[PDB]
Amino acid sequence: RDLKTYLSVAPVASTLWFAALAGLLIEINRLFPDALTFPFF
Amino acid sequence: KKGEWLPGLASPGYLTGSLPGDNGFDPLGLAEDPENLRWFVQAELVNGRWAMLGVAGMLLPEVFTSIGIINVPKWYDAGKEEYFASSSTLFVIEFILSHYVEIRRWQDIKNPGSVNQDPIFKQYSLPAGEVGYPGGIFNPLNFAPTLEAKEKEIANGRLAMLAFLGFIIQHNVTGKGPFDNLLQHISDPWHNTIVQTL
Amino acid sequence: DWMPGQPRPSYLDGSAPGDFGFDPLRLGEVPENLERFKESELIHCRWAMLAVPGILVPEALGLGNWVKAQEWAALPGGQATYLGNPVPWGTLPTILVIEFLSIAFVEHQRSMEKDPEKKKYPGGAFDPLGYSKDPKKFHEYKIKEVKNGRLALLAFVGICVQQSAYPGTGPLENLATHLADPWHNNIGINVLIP
Amino acid sequence: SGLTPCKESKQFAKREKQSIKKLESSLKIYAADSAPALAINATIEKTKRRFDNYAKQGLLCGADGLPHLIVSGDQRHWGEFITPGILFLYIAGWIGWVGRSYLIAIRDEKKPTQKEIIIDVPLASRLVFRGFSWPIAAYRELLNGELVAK
Amino acid sequence: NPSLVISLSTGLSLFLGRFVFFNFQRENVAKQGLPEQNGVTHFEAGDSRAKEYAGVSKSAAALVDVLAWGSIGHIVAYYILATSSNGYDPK
Ligand SMILES: CC1=C[C@H](O)CC(C)(C)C1/C=C/C(C)=C/C=C/C(C)=C/C=C/C=C(C)/C=C/C=C(C)/C=C/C1=C(C)C[C@H](O)CC1(C)C
């Protein structure tokens, strides 16, 4: 609705952004937990 | 008409198309500024040129070795031992010369007038006019350095770099050789791919 | 331009002697300072011209090392020697006093000069042969001096650096060490690892 | 490096041992085939994996029995500090560079504040991947890096 | 070593002062001038230089000069006297 799109991209843009970031971080950890170092070099 | 790296899209404006190998490919606007563009053009040249020899140097001996015409170690192995003089000596030598010949083309890049002083005596010079496209002894055969001819050099360089990028990454994970990697793929492609390896 | 294609700084018109327009830091922007510099370069050079031979010749004989000579001073009594003979004036306190007193006087004498420290080219008793009689000829010599002086300063350095790392100093010696197997013996080995 | 590698540290082994016994103790009440049991056995397996990796990656340990990090620059421990860090500075630089690309795109416009509280997502998505090559900020620095007015 | 060392050092120092470094030291004093707070310092201050005590019949030197050089002389000398008996030993 243009306008609805407009409600979005407000500080709802922050939460959608951080929720995506949180998810990504969580999955990484679930995949690679307890990492104290970068061991691939 | 120019070439579009992406058909639907339009080329950026700073890309006049007066440049060899121009397909309107600057999605990140690295070359929006003209100065940056000149520098980058020169950079692409050299990164492209070294890659040509390197890919060639790396690949061909591997192929010849398999043929059995000669025996040499795989590129990722030329390094350990077996040379008259150590590794250190070669380096310092490589460095002194590379340092001179470059700290050398650099001058021609800032200001294009470093063609004289050849040799120490000034009798011999380089006559011409394009940066990164020196003449004289550099071009013993005098092939026309035709624009479009330059187009070919770049394409090869660009191609070489994907190859080079390919060789190195391929090396890890694979632990073998590019020609070897190829044979494995060739022997049975559907069962040999990045998928089976990773 | 003596950096091949680099514009020369404003002050250096290449008229000075030894002027190759090199001053990436522009420590010479100030005329008063530069003049001081021209004087110093020569001083530093003059010594250096003297020092390399000083260091190099004895080693060809019994010097062993410029370093080695300094060795006695550390222990009491010295006495040190010039050519197998102790003294005269063997101990450190005597030499130190003689040096400090003899030197200070000569240099301070310098610090009583105008006309650009006699243009750092005093030419009094110093130019007996009077090479400086001819201006055209005099100029050529200055260039020789500076180029030679520079060559000397640079060499001294290498001696120190070479002397470093290779505390088994052998400025003349190292060269041998290089000569033997120049390929596996070079600074390169020194720039890296065991 | 007055420490001893974790692989050969008794205290480091005592901690892995004590931790597993604590989780196993809880294992008793739930019996076997059970949800909590599988959850606890999964923590135990996650525990063993953890300690195993630390030893495996040559991390020293302290008398405490816990790994300690070397940030001196020593080559054996770049994984401990330097490698991850460069990774950071890349990302931090990325975020900052993209953020500064947006303000400059926004600055010469209408009501500039309007796009600071209501994001121009088409514009942002256009500029996000420019951070990939943000260390070619260096080449902007050779010219238009920072303002001359101040 | 005897007390004679004191004399040579002090003697040499004095010598140095009177004939070598003497012209230069004064040149510097002239340039440095005396201290001034907003200008001069005698203006209040009760206290100002002693011109007479400063003045001497010798062609160049003054009593105060004697004091300083002699002091350096004595100090340098005592410096050598002490380093002797320490018998300090290093590698
Ligand atoms: C364009 C752009 C822009 C937009 O806007 C954005 C974007 C997209 C980002 C972009 C990007 C692009 C890219 C990707 C590029 C890349 C390149 C490369 C890769 C190169 C390489 C390159 C590469 C190279 C040089 C290489 C070289 C190599 C060599 C010589 C080698 C040699 C050798 C040999 C012989 C042998 C031995 O045994 C080894 C060695 C010794 C080693």
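Count begins at 1; order follows the chain as displayed.
Header lists the method as X-ray crystallography, 2.8 Å.
Placed from the backbone N, Cα and C atoms, the Cβ positions cover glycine too.
According to Swiss-Prot:
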- B:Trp5: chlorophyll b 1 binding site (BINDING)
- B:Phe25, B:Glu44, B:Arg158: chlorophyll a 1 binding site (BINDING)
- B:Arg49, B:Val92: chlorophyll b 2 binding site (BINDING)
- B:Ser86, B:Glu102: chlorophyll b 3 binding site (BINDING)
- B:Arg105: chlorophyll b 4 binding site (BINDING)
- B:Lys152, B:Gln170: chlorophyll a 5 binding site (BINDING)
- B:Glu153: chlorophyll a 3 binding site (BINDING)
- B:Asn156: chlorophyll a 4 binding site (BINDING)
- B:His185: chlorophyll a 6 binding site (BINDING)
- B:50-70: transmembrane segment (TRANSMEM)
- B:83-103: transmembrane segment (TRANSMEM)
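Known features from Swiss-Prot, placed on the structure.
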residue: B:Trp5; record: chlorophyll b 1 binding site; Cβ neighbours (10 Å): 12
residue: B:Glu44; record: chlorophyll a 1 binding site; Cβ neighbours (10 Å): 16
residue: B:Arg49; record: chlorophyll b 2 binding site; Cβ neighbours (10 Å): 16
residue: B:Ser86; record: chlorophyll b 3 binding site; Cβ neighbours (10 Å): 18
residue: B:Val92; record: chlorophyll b 2 binding site; Cβ neighbours (10 Å): 17
residue: B:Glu102; record: chlorophyll b 3 binding site; Cβ neighbours (10 Å): 11
residue: B:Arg105; record: chlorophyll b 4 binding site; Cβ neighbours (10 Å): 15
residue: B:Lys152; record: chlorophyll a 5 binding site; Cβ neighbours (10 Å): 12
residue: B:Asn156; record: chlorophyll a 4 binding site; Cβ neighbours (10 Å): 15
residue: B:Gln170; record: chlorophyll a 5 binding site; Cβ neighbours (10 Å): 19
Counting only residues 6+ away from its ends, which parts of the chain sit with a Cβ under 8 Å from the transmembrane segment (B:83-103)? none
Do any residues, 6 or more residues outside the transmembrane segment (B:50-70), come within under 8 Å Cβ-to-Cβ of it, and if so which ones? 156-157, 160-161, 163-164, 167, 177-180, 183
So which other residues, same chain and not among B:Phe25, B:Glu44, B:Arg158, have a Cβ within 8 Å of the centroid of the Cβ atoms at the chlorophyll a 1 site? B:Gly21, B:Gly48, B:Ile154, B:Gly157
Between B:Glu44 (chlorophyll a 1 binding site) and the residue listed as 'chlorophyll a 3 binding site', how far is it from one CA atom to the other, in Å? 11
Rounded distance in angstrom between the Cα atoms of B:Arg158 (chlorophyll a 1 binding site) and B:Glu102 (chlorophyll b 3 binding site): 22
Between B:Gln170 (chlorophyll a 5 binding site) and the residue listed as 'chlorophyll a 4 binding site', find the distance joining the two CA atoms and give it rounded to the nearest Å. 20
Cβ density check for B:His185 (chlorophyll a 6 binding site), other Cβ within 10 Å (all protein chains) comes to 15
For the binding-site residues B:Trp5, B:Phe25, B:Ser86, B:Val92, B:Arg105, B:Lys152, which residues show a Cβ-Cβ distance under 8 Å to chain C? B:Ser86, B:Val92
Out of the binding-site residues listed (B:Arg49, B:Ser86, B:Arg105, B:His185), which are within 10 Å of the residue listed as 'chlorophyll a 3 binding site', Cα to Cα? B:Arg49
According to DSSP, B:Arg158 (chlorophyll a 1 binding site) sits in helix
Just how spread out is the chlorophyll a 1 site if you go by the largest Cα to Cα distance in Å among B:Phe25, B:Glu44, B:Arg158? 13
CA pair B:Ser86 (chlorophyll b 3 binding site) / B:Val92 (chlorophyll b 2 binding site), Å rounded to integer, equals 11
May I ask for the distance between B:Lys152 (chlorophyll a 5 binding site) and B:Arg49 (chlorophyll b 2 binding site), taken between their Cα atoms and rounded to an integer number of Å? 12
